[PDB]
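Protein chains in written order, with the UniProt record's numbering: chain A, 247 to 395; chain B, 28 to 128; chain C, 52 to 189; chain D, 55 to 208, 235 to 517; chain E, 46 to 243; chain F, 36 to 167.
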Amino acid sequence: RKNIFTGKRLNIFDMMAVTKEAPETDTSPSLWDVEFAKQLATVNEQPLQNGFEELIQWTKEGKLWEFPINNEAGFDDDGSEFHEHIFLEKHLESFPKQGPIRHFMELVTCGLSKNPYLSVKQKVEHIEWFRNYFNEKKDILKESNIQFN
Amino acid sequence: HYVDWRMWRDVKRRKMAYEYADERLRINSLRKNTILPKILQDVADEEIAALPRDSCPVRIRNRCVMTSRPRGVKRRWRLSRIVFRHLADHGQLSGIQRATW
Amino acid sequence: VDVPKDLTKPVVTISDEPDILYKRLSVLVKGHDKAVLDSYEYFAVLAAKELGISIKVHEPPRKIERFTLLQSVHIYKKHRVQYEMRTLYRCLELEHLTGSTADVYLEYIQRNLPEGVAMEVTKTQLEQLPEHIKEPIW
Amino acid sequence: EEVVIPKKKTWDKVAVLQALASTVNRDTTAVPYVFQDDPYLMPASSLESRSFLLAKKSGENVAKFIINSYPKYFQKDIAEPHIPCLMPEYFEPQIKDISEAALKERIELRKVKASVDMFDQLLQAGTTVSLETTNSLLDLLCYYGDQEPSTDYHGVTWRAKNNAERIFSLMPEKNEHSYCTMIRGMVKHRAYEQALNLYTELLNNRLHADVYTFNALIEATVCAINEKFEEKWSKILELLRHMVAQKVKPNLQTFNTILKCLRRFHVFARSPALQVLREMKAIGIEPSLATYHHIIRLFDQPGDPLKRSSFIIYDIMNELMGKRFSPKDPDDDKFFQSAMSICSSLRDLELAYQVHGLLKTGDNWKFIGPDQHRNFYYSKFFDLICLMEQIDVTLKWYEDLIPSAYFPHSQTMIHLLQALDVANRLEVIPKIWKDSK
Amino acid sequence: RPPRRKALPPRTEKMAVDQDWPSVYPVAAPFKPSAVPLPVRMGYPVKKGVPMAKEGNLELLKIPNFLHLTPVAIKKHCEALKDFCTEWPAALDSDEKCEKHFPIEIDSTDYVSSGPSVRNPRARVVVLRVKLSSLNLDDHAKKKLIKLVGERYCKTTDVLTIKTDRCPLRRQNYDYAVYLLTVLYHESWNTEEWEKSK
Amino acid sequence: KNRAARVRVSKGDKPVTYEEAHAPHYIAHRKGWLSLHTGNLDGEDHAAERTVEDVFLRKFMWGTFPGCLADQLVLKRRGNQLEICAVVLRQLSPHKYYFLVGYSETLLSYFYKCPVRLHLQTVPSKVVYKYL
């Protein structure tokens with residue numbers, strides 16, 4: 247005739263004034279916690295009731311594409327920006343300010359800027375290789391009276 | 028386990044061309060221009076000649092991907108005419124039907 | 052009698068960012084089958100009508116790419132086989148729908164896109180002038 | 055004239071799929087979706103259902119074994135975006151030199167022999183190891199009790241001759257975690273006496289045990305000795321007071337372990353279990369399905385359920401009605417089985433209907449448990465329905481559940497036949513036989 | 046001799062005429078004869094024959110059936126999805142008002158195809174369009190901008206069209222289009238000394 | 036005389052299914068394609084890769100279900116999904132069928148990095164459209 251939730255208690259722990267508002271989530275996870283989480287997942291583990299649940303699980307696992315379809319989904323070119331791809335003149339600072347070498351590297355940088363198939367790293371690598379090659383060939387260039395740096 | 032030794036040679040050529048494509052492009056860009064001095068262009072010619080022969084893209088042949096046939100290959104499907112006909116006449120290629128008009 | 056007593060629903064969060072406005076979505080579906088395209092058109096039109104989206108339909112002219120191959124394995128050049136790959140089109144133009152509605156409708160019609168039917172949706176995104184262009188910085 | 059731009063509604067990548075799935079109910083005529091919808095491959099019995107699912111899982115395991123054995127045949131990734139879960143999985147350590155990084159790598163890879171050898175070589179060579187690295191090694195060893203993990207192919237389970245205690249002795253620096261992991265491993269492997277001894281060592285060292293250590297100690301204290309209920313009750317209260325003094329706040333696992341261990345005494349612990357539940361409610365540690373299931377199993381005993389068990393189940397159902405559950409305890413799945421068991425025992429069809437409605441509300445159905453538990457639950461539910469319901473609603477339930485929910489057993493069919501005979505609706509008797517076939 | 050398993054009767058027999066069809070087919074699935082309670086027949090009939098029955102009919106298995114998209118199912122799906130939609134601004138009743146308030150139109154394309162790879166380079170193209178009338182320009186700035194853009198401006202439609210396709214991503218191309226519009230506008234409003242040689 | 040994909044009449048007793056009976060010039064006229072994917076449409080790409088995948092799938096499925104297959108496969112592709120619809124004889128016990136289904140689905144999913152489903156329809160015997 248009495249509610250079970252109301253009555254004499256253990257009276258060991260008083261009603262906590264404030265719950266834990268300063269969690270220790272910064273701690274590293276333990277194998278015990280990993281297995282506890284695995285069991286928490288297992289208690290919900292059930293066979294798929296219908297095809298919609300299968301699609302939901304596949305989307306969660308990443309096996310199935312998200313919709314609406316984004317052809318660039320799951321791909322960012324290292325978070326680059328348009329100015330990094332196009333304005334590559336800043337990478338020509340190791341080249342003569344004026345001269346035939348500057349003209350050729352201007353052509354090369356224009357071609358690279360027009361190129362949408364190369365990441366910024368590869369575009370920079372091309373210019374770096376050109377710089378290294380010209381440095382190794384500075385003798386011939388200076389014979390032709392064209393200074394390189 | 029390729030179809031024939033010719034297919035193996037083509038695979039090796041494709042792999043080497045992919046490996047050396049960046050350097051070949053850089054050296055060709057150094058060559059195919061008039062801005063740079065002639066001596067540097069001649070040096071670039073010698074350097075690109077010194078590259079391995081199989082790295083040249085012109086040596087790549089579009090053999091069939093299933094019978095190594097070097098001719099009659101449809102580039103869109105990379106199959107010889109005989110294999111393509113065999114698959115299309117059995118209905119195993121989507122949307123391909125006999126053309127009658 | 053085994054109906055669920057309560058229903059669970061997905062979470063739709065009204066963000067504070069203003070939604071994107073779309074002037075026109077041009078969903079161009081390509082297929083090898085006219086009946087399949089007609090059924091897909093009926094499905095998409097019914098979905099748009101039940102979702103309160105203005106929609107128009109038209110059929111761009113088909114493209115029949117043809118090519119020829121030698122028939123016999125050896126010689127007999129005068130005998131050939133000609134194959135073709137018909138591409139039938141259906142363009143659905145959806146006018147004046149927001150970004151959320153556009154995303155929902157596109158996801159619904161793309162997840163149900165029949166096999167053998169490709170889709171090319173073109174989105175016209177209405178935009179306002181940037182601050183640098185409203186008045187000259189000069 | 056002003057134009058307004060509506061706010062952008064945002065949702066999860068599966069929100070549309072969930073919304074669509076909300077509109078489809080369960081196909082009564084169809085077998086569960088995991089099977090093949092073909093007459094020759096539709097399972098025709100509970101045994102056939104279990105065997106078919108086990109065969110499918112065996113095929114998946116064989117495929118995974120071959121993938122893992124020959125990873126070079128599946129390394130060609132042609133998927134965009136990348137799909138990590140479809141790539142082969144490696145089980146070989148990369149850091150081969152004896153180092154702390156190699157030890158941590160082996161611990162993460164759960165290679166017990168490699169981890170033990172790495173620790174031995176590290177100790178012999180004198181290279182540096184942190185307290186956290188040795189703590190992780192102790193976690194790995196004690197949780198498994200040095201038992202080698204089981205893969206597809208390649235009682236007091238605590239071994240008397242084990243490397244966990246050996247490494248603990250070899251451990252120069254020990255902390256709260258170092259004692260706690262060994263205590264938890266001993267309790268998990270039912271080495272209660274050694275766990276209590278190490279807890280005494282921790283108390284002597286003036287360290288503070290974690291809540292998990294307290295739960296393990298409660299289990300060890302209850303299962304170590306055979307005493308009257310009051311002795312274990314006083315011991316549990318003393319451990320709780322120790323936790324209070326140490327200022328550690330308990331969790332759901334604490335009271336869950338307390339009830340699970342006190343389940344032995346039944347009538348002795350009946351009212352004290354109510355006191356524990358009241359304490360849980362006062363603290364704010366909301367009981368989960370496992371807590372109620374443990375209370376049900378404690379109050380369950382041959383005798384007269386009308387005395388106290390009826391009150392317990394009715395109060396539990398009144399409390400839980402209209403509440404969506406969540407995964408809180410690893411034993412949350414067995415609640416519905418025991419609930420339906422008592423529903424059948426009490427012959428209260430209304431109570432069973434309330435329990436089933438609670439199961440159907442929200443995502444509570446996912447807590448129905450494994451295949452055996454689901455079959456038992458539905459068998460008891462259908463037996464009660466046949467016993468205590470009008471034959472028309474009984475037949476409606478029969479159509480709704482079987483075969484979509486479960487495959488009936490001969491006893492359930494006999495009960496249905498008895499109900500039909502009571503209703504004098506023998507015209508269904510032939511159909512039932514076909515159903516039996 | 047081991048017993049031979051007997052195939053069960055199809056569950057279409059147990060179906061009801063007034064059942065809920067979307068429950069049977071929630072998602073796109075191949076045509077299952079044991080699950081479709083219709084006496085459909087497909088196949089070119091033999092002489093003095095009938096079209097092949099659905100059981101074993103590979104032709105029906107080939108068809109991308111719409112049995113999961115019946116009108117009842119479509120209506121229920123739309124009712125469920127109505128919660129996700131946002132109402133279009135009722136003020137913008139016509140394209141005239143849209144151009145009045147939103148003078149920049151950005152065109153982009155998403156391509157859906159069957160395959161394991163979703164990448165498609167053609168999706169990176171962005172097309173910005175703006176009516177010079179909707180911009181704020183004078184006679185000289187408009188004349189200079191027209192010469193600067195060249196073929197991108199169609200005097201018949203008074204629409205400037207900037208097409209950006211040189212960046213790998215669509216967002217980068219959109220940013221480049223905005224930047225190009227900005228610099229073109231600023232140079233148009235900028236006057237050079239050598240412009241006096243006109 | 037044309038010989039492609041035709042079953043020449045010999046005695047009037049050899050049974051052939053619907054697909055075997057029809058000659059290549061009946062494709063898209065009286066019989067649909069056995070594989071449906073957007074590769075061969077206008078402007079689309081990766082037709083060769085899809086064709087190679089289809090050929091390998093057909094060979095693998097024929098060699099994985101020895102004598103079980105009662106007809107050619109149907110390879111449908113929706114997005115990155117891949118449904119293999121097959122018609123199989125009722126020879127093996129369903130345990131072996133389920134084992135093979137799980138095996139083939141998992142192996143093909145890991146080999147082509149796409150979610151592969153396998154739908155089997157069982158028939159008592161090879162369906163006979165006519166006799167040749």
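We treat Cβ as the ideally placed atom computed from N, Cα and C, and that holds for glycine.
Nearest-angstrom beta carbon gap, E:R197 and E:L205 [assumed within contact, 8 Å] = As a first step, residue 205 of chain E must be located in the fifth sequence, where it is residue number 160. As a first step, residue 197 of chain E must be located in the fifth sequence, where it is residue number 152. Right, the Cβ-Cβ distance comes to about 6 Å (below 8 Å), so this counts as a contact.
query = Given F:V123, which residues of its chain have a CB within under 8 Å of its CB, disregarding the five upstream and five downstream residues?
reply = Stepping through the sixth sequence from its first residue, residue 123 of chain F is reached at position 88. Cβ neighbours of F:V123 within its own chain (closer than 8 Å, five residues either side excluded): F100, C103, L104, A105, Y132, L155, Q156, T157 and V158.
inquiry  = For the beta strand (DSSP E) containing F:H154, name the first residue and the last one.
reply    = The residue you call residue 154 of chain F lines up with position 119 of the sixth sequence. First-last of the beta strand (DSSP E) with F:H154: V151 to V158.
query = Any idea which residues DSSP pairs E:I151 with across the strands?
reply = Sequence index remark: in the fifth sequence, residue 151 of chain E carries index 106 (1-based). Beta-bridge pairing by DSSP links E:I151 to C:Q176 and E:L173.
ask   = Should D:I363 go down as buried or exposed, given a rule of 16 or more other Cβ atoms within 10 Å for buried?
value = What you label residue 363 of chain D is simply residue 283 of the fourth sequence in a count that begins at 1. Flag for D:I363 reads buried.
query = Starting from E:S79 and walking both ways along the beta strand (DSSP E), at which residues does that stretch end?
reply = The residue labelled residue 79 of chain E in the question sits at position 34 within the fifth sequence. Secondary structure note for E:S79: it is in no beta strand (DSSP E), with a DSSP letter that is neither H nor E.
request  = Can you have a look at F:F91 and say buried or exposed, based on whether 16 or more other CB atoms are within 10 angstroms of its CB?
outcome  = Translated into the one-based positions of the sixth sequence, residue 91 of chain F becomes position 56. Residue environment analysis places F:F91 among the exposed positions, since fewer than 16 neighbouring C-beta atoms fall within 10 angstroms of its C-beta.
inquiry  = Quick check: the Cα distance between E:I191 and E:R169, rounded to an integer number of angstroms?
reply    = Your numbering for residue 191 of chain E matches position 146 in the fifth sequence. Your numbering for residue 169 of chain E matches position 124 in the fifth sequence. Their backbone Cα atoms lie some 26 Å apart in a straight line.
key: Beta-carbon neighbours of A:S276, restricted to chain D and to distances below 7 Å   = Residue mapping note: residue 276 of chain A aligns to position 30 of the first sequence, counting from 1. Taking a Cβ-Cβ cut-off of 7 Å, the neighbours of A:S276 in chain D comprise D193, given in sequence order.
inquiry  = Can you list, in chain order, the residues of its chain with a C-beta nearer than 6 Å to that of E:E104? Leave out the 5 residues immediately preceding and following it.
reply    = For the purposes of this step, residue 104 of chain E is taken as residue 59 along the fifth sequence, with counting starting at 1. Apart from sequence neighbours up to five positions away, the residues of its chain that approach E:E104 with a beta-carbon distance below 6 Å are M87 and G88, ordered along the chain.
request  = State yes or no: is the beta carbon of D:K403 nearer than 7 Å to at least one beta carbon in chain A?
outcome  = Taking the fourth sequence and counting its residues from 1, the one referred to as residue 403 of chain D is at position 323. No, its Cβ sits nowhere closer than 7 Å to a Cβ of chain A.
ask   = Shortest alpha-carbon distance to D:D290 belongs to which of D:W477, D:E273, D:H257 and D:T280?
value = Position 210 of the fourth sequence, counting from 1, holds the residue named residue 290 of chain D. Closest option to D:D290, Cα to Cα, is D:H257.
inquiry  = If I measure Cβ to Cβ from D:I247 and keep anything under 8 Å in the same chain, skipping five residues before and after, which residues do I get?
reply    = Along the fourth sequence, one-based indexing puts residue 247 of chain D at 167. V170, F173, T188, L191, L192 and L195.
request  = Tell me, please, whether the stretch 228–243 of chain E touches the stretch 37–46 of chain F by the rule of three or more beta-carbon pairs shorter than 8 Å.
outcome  = Flag = no, the stretch 228–243 of chain E and the stretch 37–46 of chain F do not touch.
task = May I have the straight-line CA-CA distance separating D:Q72 from C:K60, to the nearest angstrom?
result = Looking up residue 72 of chain D in the fourth sequence gives position 18. Looking up residue 60 of chain C in the third sequence gives position 9. Going from the Cα of D:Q72 to the Cα of C:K60 covers about 7 Å.
message = Rounding to the nearest angstrom, what Cα-Cα distance links D:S421 and A:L301 in this structure?
response = For the purposes of this step, residue 421 of chain D is identified with residue 341 of the fourth sequence, where counting begins at 1. For the purposes of this step, residue 301 of chain A is identified with residue 55 of the first sequence, where counting begins at 1. Taking the straight line from one Cα to the other gives about 35 Å.
message = Per the DSSP calculation, A:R377 is bridged to which residue(s)?
response = To locate residue 377 of chain A, count along the first sequence from 1; it is residue 131. DSSP, once it has assigned bridges, lists no residue as partnering A:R377.
query = Residues of chain B with CB under 9 Å from A:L334, in chain order?
reply = Position 88 of the first sequence holds residue 334 of chain A. What A:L334 touches in chain B: nothing, since even the nearest Cβ is about 15 Å away.
message = What does the alpha-carbon distance come out to for the pair B:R36 and B:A115?
response = Within the second sequence, the letter at position 9 stands for residue 36 of chain B. Within the second sequence, the letter at position 88 stands for residue 115 of chain B. Going from the Cα of B:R36 to the Cα of B:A115 covers about 29 Å.
ask   = Of the residues D:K329, D:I305, D:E469 and D:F89, which one's Cα is nearest the Cα of D:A503?
value = Taking the first residue of the fourth sequence as position 1, residue 503 of chain D is located at position 423. Shortest Cα-Cα distance from D:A503 to any of D:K329, D:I305, D:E469 and D:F89 involves D:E469.
ask   = Taking all protein chains shown into account, do 16 or more other C-beta atoms lie within 10 angstroms of the C-beta of D:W477, making it buried, or fewer, making it exposed?
value = Translated into the one-based positions of the fourth sequence, residue 477 of chain D becomes position 397. Burial call: buried.
query = Does DSSP classify F:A56 as helix, strand or coil?
reply = In the sixth sequence, the residue the question calls residue 56 of chain F occupies position 21. Looking at F:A56 - three-state DSSP - the assignment turns out to be helix.
request  = Starting from the beta carbon of F:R113, find every residue of chain E whose beta carbon is closer than 7 Å, and list them in chain order.
outcome  = Locating residue 113 of chain F in the sixth sequence gives position 78, where the first residue counts as 1. Against chain E, a Cβ distance below 7 Å from F:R113 picks out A73 and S159.
Rounded C-alpha distance that separates F:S144 from F:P150 = Locating residue 144 of chain F in the sixth sequence gives position 109, where the first residue counts as 1. Locating residue 150 of chain F in the sixth sequence gives position 115, where the first residue counts as 1. For F:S144 and F:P150, the gap between their C-alpha atoms comes out near 5 Å.
inquiry  = I'd like the list of long-range same chain contacts for F:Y166, defined as Cβ closer than 7 Å, with 5 residues on each side in sequence excluded.
reply    = As a working mapping, residue 166 of chain F is identified with position 131 in the sixth sequence. Only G47, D48, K49 and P50 meet the Cβ criterion.
ask   = Taking C-alpha atoms, which residue in D:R344, D:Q326, D:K329 and D:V324 lies nearest to D:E299?
value = Against the fourth sequence, residue 299 of chain D aligns to sequence position 219. Ranking the options by Cα distance to D:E299, first place goes to D:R344.
ask   = What residues of chain F sit near B:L78, judged by a beta carbon separation below 7 Å?
value = Your numbering for residue 78 of chain B matches position 51 in the second sequence. Those do not exist, as B:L78 stays about 29 Å from chain F at its closest Cβ, beyond 7 Å.
ask   = Going by the CB atoms, is the gap between E:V171 and E:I149 shorter than 7 Å?
value = By 1-based counting over the fifth sequence, the position of residue 149 of chain E is 104. By 1-based counting over the fifth sequence, the position of residue 171 of chain E is 126. No. Outside cutoff.
query = Buried or exposed: D:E359, going by 16 or more other Cβ atoms within 10 Å of its Cβ?
reply = Along the fourth sequence, read from residue 1 onward, the residue named residue 359 of chain D stands at position 279. Using a 10 angstroms sphere on the CB of D:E359, the tally of other CB atoms reaches 16 or more, which defines it as buried.
key: For E:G94: DSSP bridge partner residues   = For the purposes of this step, residue 94 of chain E is taken as the residue at position 49 of the fifth sequence. For E:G94, which the question treats as bridged, DSSP gives no partner whatsoever.
task = Can you grab the Cα-Cα spacing for the pair D:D206 / D:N79, in whole Å?
result = In the fourth sequence, the residue the question calls residue 206 of chain D occupies position 152. In the fourth sequence, the residue the question calls residue 79 of chain D occupies position 25. Cα to Cα, the separation comes out at about 37 Å.
key: Min CB distance C:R117 to chain B below 7 Å   = By one-based count along the third sequence, residue 117 of chain C stands at place 66. Yes, because at least one Cβ of chain B sits closer than 7 Å to the Cβ of C:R117.
message = Does D:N242 pass the burial test, meaning 16 or more other C-beta atoms within 10 Å, or should it be called exposed?
response = Within the fourth sequence, the letter at position 162 stands for residue 242 of chain D. Burial is judged here by how many other beta carbons sit within 10 angstroms of a residue's own beta carbon; D:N242 has at least 16 and is buried.
inquiry  = Check whether the stretch 96–104 of chain C and the stretch 101–114 of chain D touch, using three or more Cβ-Cβ pairs below 8 Å as the test.
reply    = Under the 8 Å Cβ criterion, the stretch 96–104 of chain C does not count as touching the stretch 101–114 of chain D, having fewer than three qualifying pairs.
key: Residue from C:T152, C:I184, C:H183 and C:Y156 whose Cα sits closest to the Cα of D:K62   = Translated into the one-based positions of the fourth sequence, residue 62 of chain D becomes position 8. The shortest C-alpha separation from D:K62 is found at C:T152.
ask   = Which term fits F:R43, buried or exposed, when burial requires 16 or more other beta carbons within 10 angstroms of its beta carbon?
value = As a working note, residue 43 of chain F is residue 8 in the sixth sequence. F:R43 is classed as exposed because its beta carbon has fewer than 16 other beta carbons within 10 Å across all chains shown.
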